[PDB]
Amino acid sequence: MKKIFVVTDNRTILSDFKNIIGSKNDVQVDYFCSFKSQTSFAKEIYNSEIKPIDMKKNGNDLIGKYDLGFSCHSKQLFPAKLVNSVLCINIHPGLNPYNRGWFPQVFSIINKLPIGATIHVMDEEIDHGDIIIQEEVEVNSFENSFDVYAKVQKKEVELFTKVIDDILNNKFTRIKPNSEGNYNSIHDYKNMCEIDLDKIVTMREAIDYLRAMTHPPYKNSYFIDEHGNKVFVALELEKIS
Amino acid sequence: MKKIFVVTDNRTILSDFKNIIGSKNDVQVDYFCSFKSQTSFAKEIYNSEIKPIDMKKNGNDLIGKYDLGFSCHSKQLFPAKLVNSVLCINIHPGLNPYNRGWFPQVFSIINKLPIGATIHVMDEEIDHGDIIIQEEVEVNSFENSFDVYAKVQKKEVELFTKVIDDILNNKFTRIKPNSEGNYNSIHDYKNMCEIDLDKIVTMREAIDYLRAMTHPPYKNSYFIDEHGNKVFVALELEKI
Ligand SMILES: Cc1cn([C@H]2C[C@H](O)[C@@H](COP(=O)(O)OP(=O)(O)O[C@H]3O[C@H](C)[C@@H](N)[C@H](O)[C@H]3O)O2)c(=O)[nH]c1=O
Ligand SMILES: Cc1cn([C@H]2C[C@H](O)[C@@H](COP(=O)(O)OP(=O)(O)O)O2)c(=O)[nH]c1=O
């Protein structure tokens with residue numbers, strides 16, 4: 001009777017996991033989310049389908065109570081000794097080791113490194129340890145950050161569905177990542193948000209930039225005009241074929 | 001009793017002109033439209049508030065019956081015999097002589113020549129005769145073609161309200177354009193609509209181009225991608 005914890009701040013992921021994991025024998029599972037997340041998850045917390053936790057403070061208190069941990073779309077990072085003492089697996093919206101860090105799909109639309117989904121064993125470093133399973137996702141011309149994120153998310157759930165048995169059976173793939181690849185900080189993102197009106201680019205590049213920064217309902221890219229107006233920009237694309 | 005004819009394919013222009021002209025004395029006004037609004041105007045047709053006409057063919061059959069002609073957001077050209085037969089005045093959504101012909105505001109957002117409304121006497125050429133009155137409108141950074149056009153169309157009506165009494169009394173300002181300006185044909189406009197993915201531009205330029213091509217509900221600018229899907233693009237801006 002494996003005992004499992006799952007940390008997420010995503011409703012859709014929370015719902016998919018429950019589905020996949022609740023289907024399984026010999027499994028008990030507690031679900032946690034973050035404190036920043038008290039409202040998004042107000043009906044479910046109150047029903048206690050999930051429970052806030054400060055992983056920074058108290059993550060290490062789950063040592064000894066669980067056999068297996070999962071992080072999927074989780075606002076928080078797991079403490080080292082938790083990760084070094086319990087098997088913790090991350091289900092991640094990018095293709096390690098490319099565009100590790102913040103908003104992988106945004107950076108992929110711009111810099112053309114592969115994007116996809118990875119499930120990997122957690123280590124002390126971010127998006128860094130043994131890969132269990134991962135798959136690339138196509139970026140089409142007509143897609144923005146939101147469409148690519150949504151393909152990635154679905155691939156995530158399909159890949160976890162494919163490997164959850166092996167993991168609960170504690171016999172599963174572990175492959176070293178092939179290079180260190182690259183990381184993008186939240187500051188790297190923030191520096192791209194302000195459009196530089198004088199920057200020289202092809203139309204291809206302006207479009208790829210505008211679509212990479214388009215993800216309803218967020219407001220991301222902007223310019224500051226003459227009169228000091230702050231104007232946010234988003235792009236819409238439609239395939240007519 | 002001054003006999004006037006008005007040609008439009010726009011509902012709000014139609015009821016605007018009804019309101020303005022309809023508050024004047026000693027005028028009798030007939031309204032016309034293209035056969036292409038037959039359906040979209042059917043209810044006004046049945047109430048004889050307006051009546052389609054095929055200008056190309058039978059426009060000249062208006063010769064002799066009116067003292068004064070107006071065109072405003074019509075789909076049709078007045079035939080030239082009708083033009084030289086009576087005073088015909090165009091109420092026009094551009095600032096003549098800049099960006100005459102197609103979608104003035106779209107070219108102006110890109111090429112920066114002014115935009116505005118112009119009320120002008122019609123001659124045989126397009127967007128060309130003596131200017132009665134016209135006024136520039138501003139293009140702010142956050143506006144697309146829809147936004148600017150709406151401002152221009154509001155201005156058209158304003159200007160017309162200001163000069164209709166003069167025109168009715170047959171003594172109104174007519175100045176010649178300061179130059180021949182420039183004209184943009186359908187061929188110019190269509191070419192502008194296909195994006196050149198390889199063209200080098202500032203981001204200012206990319207954004208001005210795309211906002212100039214944004215005009216809900218239409219789909220205007222597009223690129224052909226590597227699989228030859230035709231992809232239409234539009235931009236949203238939001239001053240915060
Ligand atoms: C905050 C924010 C998000 N987005 C887009 C791009 C992101 O890839 C996507 C989802 O981000 P999110 O914060 O909605 O939701 P998740 O990916 O659901 O978020 C969680 O998992 C991530 C791995 C963590 N880094 C986040 O802290 C955590 O909240 O939404 C934007 O376009 N603009 C934004 O300001
Ligand atoms: C027909 C069409 C119009 N437009 C925009 C540009 C034109 O300035 C604007 C107005 O033309 P239109 O809506 O044809 O109506 P009316 O003569 O009643 O105004 O719509 C497009 O952007 N694409 C199109 O295909």
# chains A, B, ... in the order shown; residues from 1 in each chain; ligands from 1

call {"tool": "interface_residues", "arguments": {"of": "chain B", "to": "chain A", "cutoff": "8 Å", "atoms": "only C-alpha atoms", "output": "MDAnalysis selection string"}}
result
chainID B and resid 141:142 195:206 225 229:240

call {"tool": "residues_near_ligand", "arguments": {"ligand": "ligand 2", "cutoff": "6 Å", "atoms": "only C-alpha atoms and all ligand atoms", "output": "list in words"}}
result
residues 9, 10, 73, 74, 103, 215, 218 and 220 of chain B

call {"tool": "write_last_selection", "arguments": {"atoms": "C-alpha atoms", "output": "PDB file, in the first residue's frame"}}
result
ATOM      1  CA  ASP B   9     -24.573  52.077 -48.190  1.00  0.00           C
ATOM      2  CA  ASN B  10     -24.266  52.752 -44.467  1.00  0.00           C
ATOM      3  CA  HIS B  73     -19.793  55.723 -47.703  1.00  0.00           C
ATOM      4  CA  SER B  74     -21.420  54.440 -50.879  1.00  0.00           C
ATOM      5  CA  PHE B 103      -8.543  52.509 -46.802  1.00  0.00           C
ATOM      6  CA  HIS B 215     -10.151  45.973 -38.137  1.00  0.00           C
ATOM      7  CA  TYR B 218     -12.380  41.680 -41.028  1.00  0.00           C
ATOM      8  CA  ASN B 220      -6.756  41.428 -43.535  1.00  0.00           C
TER       9      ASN B 220
END

call {"tool": "select_by_dssp", "arguments": {"residues": "region 164-233 of chain A", "states": "strand (DSSP E)", "output": "list in words"}}
result
residues 183, 184, 200, 201, 202, 222, 223, 224, 230, 231, 232 and 233 of chain A

call {"tool": "select_by_dssp", "arguments": {"residues": "region 79-111 of chain B", "states": "helix (DSSP H, G or I)", "output": "short mmCIF file (atom, residue, chain, number, x, y, z; two decimals) with C-alpha atoms, in the first residue's frame"}}
result
data_model
loop_
_atom_site.label_atom_id
_atom_site.label_comp_id
_atom_site.auth_asym_id
_atom_site.auth_seq_id
_atom_site.Cartn_x
_atom_site.Cartn_y
_atom_site.Cartn_z
CA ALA B 80 -19.06 61.12 -65.01
CA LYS B 81 -21.96 62.56 -67.03
CA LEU B 82 -23.93 62.83 -63.77
CA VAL B 83 -20.93 64.43 -62.13
CA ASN B 84 -20.58 67.26 -64.71
CA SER B 85 -24.36 67.67 -64.90
CA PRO B 104 -6.90 55.81 -46.12
CA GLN B 105 -6.55 55.20 -42.37
CA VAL B 106 -4.66 51.93 -42.90
CA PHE B 107 -1.98 53.60 -45.08
CA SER B 108 -1.81 56.54 -42.75
CA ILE B 109 -1.07 54.42 -39.68
CA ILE B 110 1.85 52.90 -41.66
CA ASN B 111 3.15 55.80 -43.79
#

call {"tool": "residues_around", "arguments": {"residues": "region 153-156 of chain A", "least_positions_apart": "2", "cutoff": "9 Å", "atoms": "only C-alpha atoms", "output": "MDAnalysis selection string"}}
result
chainID A and resid 13 91:93 116:119 134:137 148:151 158:161

call {"tool": "residues_near_ligand", "arguments": {"ligand": "ligand 1", "cutoff": "6 Å", "atoms": "only C-alpha atoms and all ligand atoms", "output": "VMD selection string"}}
result
chain A and resid 9 to 10 73 to 75 103 215 218 220

call {"tool": "write_last_selection", "arguments": {"atoms": "N, CA, C and O atoms", "output": "tab-separated table (two decimals), in the first residue's frame"}}
result
chain	number	residue	atom	x	y	z
A	9	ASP	N	-0.28	23.42	-7.75
A	9	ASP	CA	-1.16	24.56	-7.75
A	9	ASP	C	-1.99	24.68	-9.01
A	9	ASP	O	-2.38	25.78	-9.35
A	10	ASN	N	-2.33	23.58	-9.68
A	10	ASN	CA	-3.12	23.67	-10.92
A	10	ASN	C	-4.35	22.85	-10.82
A	10	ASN	O	-4.25	21.67	-10.55
A	73	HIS	N	3.35	21.34	-11.44
A	73	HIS	CA	2.83	22.71	-11.64
A	73	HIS	C	2.58	23.31	-10.25
A	73	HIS	O	1.47	23.58	-9.87
A	74	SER	N	3.65	23.41	-9.49
A	74	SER	CA	3.59	23.52	-8.06
A	74	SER	C	4.25	24.85	-7.98
A	74	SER	O	5.37	24.94	-8.52
A	75	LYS	N	3.67	25.80	-7.25
A	75	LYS	CA	4.39	27.06	-6.99
A	75	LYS	C	5.73	26.91	-6.24
A	75	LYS	O	6.55	27.83	-6.26
A	103	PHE	N	8.76	29.77	-17.89
A	103	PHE	CA	7.95	29.84	-19.08
A	103	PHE	C	8.70	29.32	-20.30
A	103	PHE	O	8.90	30.06	-21.26
A	215	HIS	N	-0.81	35.03	-24.08
A	215	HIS	CA	-1.30	33.96	-23.23
A	215	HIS	C	-2.48	34.54	-22.40
A	215	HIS	O	-2.23	34.97	-21.28
A	218	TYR	N	-3.44	36.71	-19.45
A	218	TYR	CA	-2.41	37.57	-18.92
A	218	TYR	C	-2.07	38.77	-19.83
A	218	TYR	O	-2.22	38.72	-21.05
A	220	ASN	N	1.23	40.79	-20.82
A	220	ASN	CA	2.67	40.57	-20.80
A	220	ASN	C	3.54	41.61	-21.47
A	220	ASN	O	4.25	42.35	-20.79

call {"tool": "residues_around", "arguments": {"residues": "residue 75 (chain B)", "least_positions_apart": "6", "cutoff": "10 Å", "atoms": "only C-alpha atoms", "output": "VMD selection string"}}
result
chain B and resid 7 to 10 33 to 37 55

call {"tool": "residues_around", "arguments": {"residues": "residue 172 (chain A)", "least_positions_apart": "6", "cutoff": "8 Å", "atoms": "only C-alpha atoms", "output": "ChimeraX atom specification"}}
result
/A:132,163,166

call {"tool": "residues_around", "arguments": {"residues": "region 104-110 of chain A", "least_positions_apart": "5", "cutoff": "6 Å", "atoms": "only C-alpha atoms", "output": "CSV table (one decimal) with N, CA and C atoms, in the first residue's frame"}}
result
chain,number,residue,atom,x,y,z
A,94,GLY,N,8.3,21.4,-19.7
A,94,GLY,CA,9.3,21.7,-20.8
A,94,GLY,C,10.1,20.4,-21.1
A,99,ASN,N,15.6,25.2,-22.0
A,99,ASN,CA,14.8,26.3,-21.5
A,99,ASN,C,14.2,25.9,-20.1
A,145,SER,N,1.7,31.3,-26.9
A,145,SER,CA,2.1,30.7,-25.6
A,145,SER,C,1.0,29.8,-25.0
A,208,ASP,N,6.9,36.1,-34.0
A,208,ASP,CA,7.3,35.0,-33.0
A,208,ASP,C,7.4,35.7,-31.7
A,209,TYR,N,8.0,36.8,-31.5
A,209,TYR,CA,8.0,37.5,-30.2
A,209,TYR,C,6.6,37.7,-29.7
A,212,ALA,N,4.8,34.6,-28.7
A,212,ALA,CA,5.3,34.0,-27.5
A,212,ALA,C,4.9,34.7,-26.2

call {"tool": "atom_distance", "arguments": {"atom1": "CA of residue 155 (chain B)", "atom2": "CA of residue 5 (chain B)"}}
result
21.5 Å

call {"tool": "residues_around", "arguments": {"residues": "residue 30 (chain A)", "least_positions_apart": "3", "cutoff": "7 Å", "atoms": "only C-alpha atoms", "output": "JSON, numbers by chain"}}
result
{"A": [4, 5, 6]}
